[PDB]
Amino acid sequence: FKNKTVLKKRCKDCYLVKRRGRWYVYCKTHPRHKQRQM
Amino acid sequence: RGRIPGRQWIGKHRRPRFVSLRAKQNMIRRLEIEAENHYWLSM
Amino acid sequence: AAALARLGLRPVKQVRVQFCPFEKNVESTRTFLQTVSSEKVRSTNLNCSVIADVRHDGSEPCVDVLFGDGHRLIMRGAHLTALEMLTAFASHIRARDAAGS
Amino acid sequence: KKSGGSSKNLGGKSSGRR
Amino acid sequence: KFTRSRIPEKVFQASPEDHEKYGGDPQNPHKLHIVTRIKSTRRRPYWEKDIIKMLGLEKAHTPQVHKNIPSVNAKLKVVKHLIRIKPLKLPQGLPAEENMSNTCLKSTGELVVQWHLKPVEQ
Amino acid sequence: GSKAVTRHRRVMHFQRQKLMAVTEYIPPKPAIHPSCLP
Amino acid sequence: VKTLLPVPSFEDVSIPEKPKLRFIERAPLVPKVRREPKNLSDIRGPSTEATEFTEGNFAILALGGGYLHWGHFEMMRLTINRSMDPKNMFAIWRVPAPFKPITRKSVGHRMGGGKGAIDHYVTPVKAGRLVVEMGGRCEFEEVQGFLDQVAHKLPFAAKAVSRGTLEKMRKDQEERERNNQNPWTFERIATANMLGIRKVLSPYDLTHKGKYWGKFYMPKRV
RNA sequence: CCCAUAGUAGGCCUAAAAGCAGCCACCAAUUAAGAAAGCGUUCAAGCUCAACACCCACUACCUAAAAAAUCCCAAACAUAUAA
RNA sequence: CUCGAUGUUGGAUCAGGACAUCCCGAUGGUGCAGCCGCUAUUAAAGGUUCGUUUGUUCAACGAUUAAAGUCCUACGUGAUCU
RNA sequence: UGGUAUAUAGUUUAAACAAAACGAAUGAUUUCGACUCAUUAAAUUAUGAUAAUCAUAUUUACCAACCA
Ligand code: FES
Ligand SMILES: [K+]
Ligand SMILES: [K+]
Ligand SMILES: [K+]
Ligand SMILES: [K+]
Ligand SMILES: [Mg+2]
Ligand SMILES: [Mg+2]
Ligand SMILES: [Mg+2]
Ligand SMILES: [Mg+2]
Ligand SMILES: [Mg+2]
Ligand SMILES: [Mg+2]
Ligand SMILES: [Mg+2]
Ligand SMILES: [Mg+2]
Ligand SMILES: [Mg+2]
Ligand SMILES: [Mg+2]
Ligand SMILES: [Mg+2]
Ligand SMILES: [Mg+2]
Ligand SMILES: [Mg+2]
Ligand SMILES: [Mg+2]
Ligand SMILES: [Mg+2]
Ligand SMILES: [Mg+2]
Ligand SMILES: [Mg+2]
Ligand SMILES: [Zn+2]
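Residues numbered from 1 in each chain as written, not as in the entry; some residues may be left out. Chains lettered and ligands numbered in written order. Part of a larger assembly, values for the part shown. Heavy atoms only, no water.

Asker: How would you sum up the overall build of chain A? Please name residues and give values.
Answerer: What chain A contains, in helices and strands, is 0 helices and 4 strands. Reading chain A from its N terminus to its C terminus gives the helix and strand order β-β-β-β. Evaluated residue by residue, chain A yields a buried proportion of 21% over its 38 residues. Counting contacts in chain A only where the partners sit at least 6 residues apart, residues at least 24 apart contribute 34% of the total. Summed over its atoms, the accessible surface of chain A is roughly 3300 Å², and 50% of this surface lies on carbon and sulfur atoms. (Helix = DSSP H or I, 4+ residues; strand = E, 2+ residues; numbered from the N terminus. Buried < 20%, exposed > 50% of the residue type's maximum accessible area, 1.4 Å probe, protein only. Contact = heavy atoms within 4.5 Å. Areas by Shrake-Rupley, 256 points an atom, 1.4 Å probe, with all protein chains shown as cover.)

So, in structure tokens, the structure goes:
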């Protein structure tokens, strides 16, 4: 992913989800929008 | 780990001191006395 | 309509919806028909028919689905929501489609 | 090491007059 | 710079809701004080240490009686955070010559002229 | 020592730190929460 | 039947001839020769100037004290002039250009040897002052985006406001002081020198009332 | 969540400028929908948004991190009436 | 702090440790077809060359390697040496 | 790595609103040429802001540096 302290969606298909104790951003359309909470 | 640079309670980077609950009450107890002192010094 | 259009009515042969408008338990069936009768779903399979026969016999509503394989699916919508009817409808599409191919 | 400049201001050493 | 403090006058103005809390009477003010030091003069300015000597408050928790007049009150406003002020009450009145040796100052602020040291029969 | 104005938050004297802790806003609390009431 | 609402009309608003922000020079026209003391009390305490709106309706409020050099003015200027519509907006400066000289000694020199040479100039700012004021045929939601973006890059705590939010901020703080259930306040104690507390306080604490600590402002303090 | 027809490719500029390089206007059909808010096309196409319908998404808009070198560092505890 | 003495460059010898990973391991993204690479997450068990000139640390150069890592340890270590 | 200087016709070189010089062309001149004179063509490292001045990175020049 890319570690981010301020998560932000970059398109309509990005969705927030809390996993392993921290927030993530996943995107099936554009996998480069993926972010990990730092 | 956990060094306080220099001496603890002086200088720029000091060891943090936190206010307990009884420390608050002890100060409030003193205030209530001196607030009643103002009343008797007014007549 | 969107969720059902991505799938497509490929295996389906005919769909029949009967309901009694004056009865007070046909909102579910009428909502099911509102989506299946959309241009997005109907376009995926022109051969697949969609028929609506209105009745006023005081009878319960049902959805009868004819497949190409010959199997049939019936959903009595008196105590079923549109989402429940649509969901079950989609699951059968996926199963029957895989069986044919 | 590196030498530094001096102050250019002189005087100002008068004492109070009371 | 650290200096002496000027206490505003409005601080020493009892409100109506203050008289129904401490039990005082603005029309009939009390005549004498009962001052008692409850704080150390160490770590305080020298001008506070001198006032404590003028008022005879060297030893702590030792009741001393002073007059409720402006000049005395002024000295008290400088060390009002080192002392406890309480009015002197006289339920039996002023001690007579025959009672000087029978008195006792209670914690309530009352001066009783008959210290019998015996259970009340009531 | 340190000046009165600093780029960093300067540690208070313990007497002041205690004062700031006693003189904290206390919001009113109604006996019954307004949501529980009609 | 989704209920529609009337909309405000800005036809009555006028736009100047140079709505964009003018350029700020690094140093004043004539360079200064007399070197000045640090005078840190120019950013300490509440501001007594530029605390109210004059022409516009939206602005950037300073929530703390600091010094502004040229690098800050360029960021504000470019960022605002790029993101704003010159036709329906206008902006003005609420702060003067850098005038306070900042001396600095050369690298490697030891303590002493006089005073340093003038290096750059700054503009002192106190808490509660307006830095930039905007206005025109626009709502607040439009400018609030890039104004907060600007406020975050400033060396002090800042925030975008409007004539309404600023007023509401001030009325809510007064409401807190009135309904505060705590019988003990910083003002009452300090002014009366209760507990000998003025031995650890400052003379400014009589007026700041605990809401300021150096250059930092604490809005949650009553 | 849902849904999208039309005067018209508005005018001018432009090799071309079609809701979306610029300037001017920003009127109008249909119960309902900006002479277009965000992508996109060499220009067009194409995907969304604001609209109608349906009926209750009937939200929050107040704060976002952390790493050094001999070996972490009292042990432990959320519920029996402020002493 | 130490001048009634805390022996100071580099090297030899023996290495302890950190991870901000040079190689080997596990993963996400890519303007990742593949072979090579860029970037980030995780991982410190194991390992991290021989030589010419220079007192050198560095640096250049030659030949190699899966890689020839960055740092601290009184610029680790002279009652062990040089 | 560090800062300090750096840029102008095709080249060469004062200065930025573009000056001169070599070479080029053109005539004037000579029996024909050289020389000379006159004329003509010909440029500002490129990027972002002030509006033509500061920045931006390049560009090549210029000195600095383990230590005992
Ligand atoms: S508890 Fe009273 S409203 Fe939920
Ligand atoms: K310290
Ligand atoms: K900031
Ligand atoms: K166009
Ligand atoms: K020594
Ligand atoms: Mg220490
Ligand atoms: Mg003098
Ligand atoms: Mg003198
Ligand atoms: Mg000081
Ligand atoms: Mg046209
Ligand atoms: Mg157009
Ligand atoms: Mg279109
Ligand atoms: Mg376009
Ligand atoms: Mg149109
Ligand atoms: Mg427009
Ligand atoms: Mg919509
Ligand atoms: Mg010795
Ligand atoms: Mg790691
Ligand atoms: Mg290792
Ligand atoms: Mg050593
Ligand atoms: Mg030896
Ligand atoms: Mg040794
Ligand atoms: Zn995405």
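Asker: Quick rundown of the environment of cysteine 62 of chain C? Include the residues and the values.
Answerer: Examined against the element boundaries, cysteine 62 of chain C turns out to sit in strand β3 (residues 62–67). In contact with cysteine 62 of chain C, not counting residues within four places along its chain, are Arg16, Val17, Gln18, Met75 and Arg76 of chain C.

Asker: Any details on the protein's contact with RNA strand I? Residues and values, ideally.
Answerer: All names here are of chain A. Looking at RNA strand I, the residues that line it are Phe1, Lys2, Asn3, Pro31, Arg32, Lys34 and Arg36. Restricting the count to atoms of RNA strand I within 4 Å of the protein gives a sugar and phosphate share of 82%. Within the backbone of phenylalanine 1, a nitrogen or oxygen atom sits 3.4 Å from a sugar or linking oxygen of RNA strand I. Take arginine 32: an N or O atom from its side chain is 3.1 Å from a base oxygen of RNA strand I. (Near = heavy atom within 4 Å. Polar contact = N/O pair within 3.5 Å; in protein donor to acceptor, adjacent residues only side chain to side chain.)

Asker: Talk me through the interface of chain B and chain F; I want residue IDs and the actual numbers.
Answerer: Taken together, the contact pairs 9 residues of chain B with 9 residues of chain F. Taking both sides of the interface into account, the surface hidden between chain B and chain F amounts to around 880 Å²; carbon and sulfur atoms contribute 75%. At the junction of chain B with chain F, the criterion picks out 0 salt bridges. Run the count over chain B and chain F and you get 1 residue pair in polar contact. Classifying every residue of the side of chain B that touches chain F gives 5 nonpolar, no polar and 4 charged. (Buried area = accessible area lost by both parts, 1.4 Å probe. Salt bridge = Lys/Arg side-chain N within 4 Å of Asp/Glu carboxyl O. Nonpolar A, V, L, I, M, F, W, Y, C, P; charged D, E, K, R; others polar.)

Asker: Account for the protein's contact with RNA strand H, with residues named and values stated.
Answerer: In the neighbourhood of RNA strand H, the contacting residues comprise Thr5 and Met38 of chain A, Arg1 of chain B, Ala1, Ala2 and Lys40 of chain C together with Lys2 and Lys87 of chain G. In the interface set of RNA strand H, defined as its atoms within 4 Å of the protein, sugar plus phosphate atoms amount to 100%. Between RNA strand H and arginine 1 of chain B there is a distance of 2.9 Å, counted from a phosphate oxygen to a side-chain nitrogen or oxygen. Separating a phosphate oxygen of RNA strand H from a side-chain N or O atom of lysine 2 of chain G is a distance of 3.1 Å. Among the residues making up the surface near RNA strand H, the classes are represented as 3 nonpolar, 1 polar and 4 charged.

Asker: Tell me what's going on with the pairing of strand β3 (residues 89–93) of chain G, and back it up with residues and numbers.
Answerer: Along any regular strand the residues' side chains alternate between the sheet's two faces. All names here are of chain G. A large share of β3 lies buried, amounting to 4 of its 5 residues. When β3 meets strand β6 (residues 130–136), the two strands line up antiparallel, connected through 5 bridges. Bridge pairing in β6 places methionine 89 opposite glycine 136. (Pairing = 2+ DSSP bridges.)

Asker: Hey, could you go over the interface of chain G and chain F for me, with residue numbers and the actual values?
Answerer: Each partner contributes residues to the interface: chain G has 26 residues there, and chain F has 22 residues. Summing both partners gives a buried area of about 2200 Å² for chain G against chain F, and 65% of it is carried by carbon and sulfur. Ranking the residues of chain G by area buried against chain F places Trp213, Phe216 and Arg221 of chain G at the top, with a combined share of 28%. Taken together, chain G and chain F are joined by 1 salt bridge. The salt bridge involving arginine 16 of chain F is made with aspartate 205 of chain G; its shortest N-O contact spans 2.8 Å. The interface formed by chain G and chain F holds 9 residue pairs in polar contact in total.

Asker: Would you mind going over the sheet that holds strand β4 (residues 72–76) of chain C in detail, with residue names and values included?
Answerer: Across a sheet, strands are paired by hydrogen bonds formed along the backbone, either parallel or antiparallel in direction. Residues and elements named next belong to chain C. The 4 strands lie next to each other as β2-β1-β3-β4, forming an open sheet whose pairing is mixed. With partners counted over all chains shown, the strands left at the sheet margins are β2 (49–54) and β4, one partner each. Ignoring strand direction, the axes of neighbouring strands in this sheet form an average angle of 15°. Of the pairings in the sheet, the one linking strand β1 (residues 12–19) to β3 comprises 6 bridges and is antiparallel in character. Each bridged residue has a counterpart across the sheet, and for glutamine 14 the counterpart in β3 is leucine 66. On the sheet, helix α2 (residues 27–36) packs against β1, β2, β3 and β4 and is oriented at approximately 145° with respect to β1. (Axes fitted to C-alpha atoms, helices over the stretch in contact; angles between N-to-C directions.)

Asker: Can you tell me about the pattern of salt bridges, naming the residues and giving the values?
Answerer: Counting across every chain of the model gives 15 salt bridges over all chains. The partner of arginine 55 of chain C in a salt bridge is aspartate 53 of chain C, and the shortest N-O contact between them spans 4.0 Å. The exposure class assigned to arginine 55 of chain C is partly exposed, which follows from its relative accessible area of 36%. Its salt-bridge partner being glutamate 48 of chain E, residue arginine 44 of chain E comes within 2.9 Å of it at the nearest N-O pair. Judged on exposure class, the residue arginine 44 of chain E and its partner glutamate 48 of chain E are both buried. A single salt-bridge network, built from bridges that share partners, covers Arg16, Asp53 and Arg55 of chain C.

Asker: Account for the nonpolar core, with residues named and values stated.
Answerer: Residue and element names in this part refer to chain G. The biggest cluster of nonpolar side chains holds 30 residues, and the ones touching the most others in it are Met76, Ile80, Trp93, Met134, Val143, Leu147 and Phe156. Among the elements that take part in this core, helix α2 (residues 140–152) stands out by supplying 6 residues, more than any other. The contact partners of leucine 147, leaving out residues within four places of it in the chain, are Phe58, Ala59, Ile60, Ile80, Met134 and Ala160. (Core = buried A, V, L, I, M, F, W, Y, C linked by side-chain atoms within 4.5 Å.)

Asker: Please set out the packing of helix α1 (residues 70–83) of chain G against α2 of chain G residue by residue, giving values where relevant.
Answerer: Helices that pack against each other are described as a pair by the angle of their axes relative to one another and the distance between those axes. Residues and elements named next belong to chain G. Close contact between α1 and α2 brings their axes to 10 Å; oriented N to C, the two are set at 165°. Considered as vectors, α1 and α2 are oriented roughly antiparallel to each other. The two elements α1 and α2 meet at a crossing, and its hand is right-handed. Along its contact with α1, which presents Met75, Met76, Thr79, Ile80, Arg82 and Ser83, the element α2 presents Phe146, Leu147, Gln149 and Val150. (Parallel < 35°, antiparallel > 145°, perpendicular 65-115°, else oblique. Left-handed = near helix turned anticlockwise from the far one by under 90°.)

Asker: Got a sec to walk through the side chain of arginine 198 of chain G? Specific residues and values, please.
Answerer: Its location among the elements puts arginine 198 of chain G in the loop between α4 (186–192) and α5 (205–208). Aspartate 205 of chain G provides the closest opposite charge to the buried, salt-bridge-free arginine 198 of chain G, at an N-O distance of 8.4 Å. What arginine 198 of chain G contacts, discounting residues up to four positions off in sequence, is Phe2 and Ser5 of chain E together with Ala190, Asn193 and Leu206 of chain G. (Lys, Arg positive; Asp, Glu negative; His and termini not counted.)

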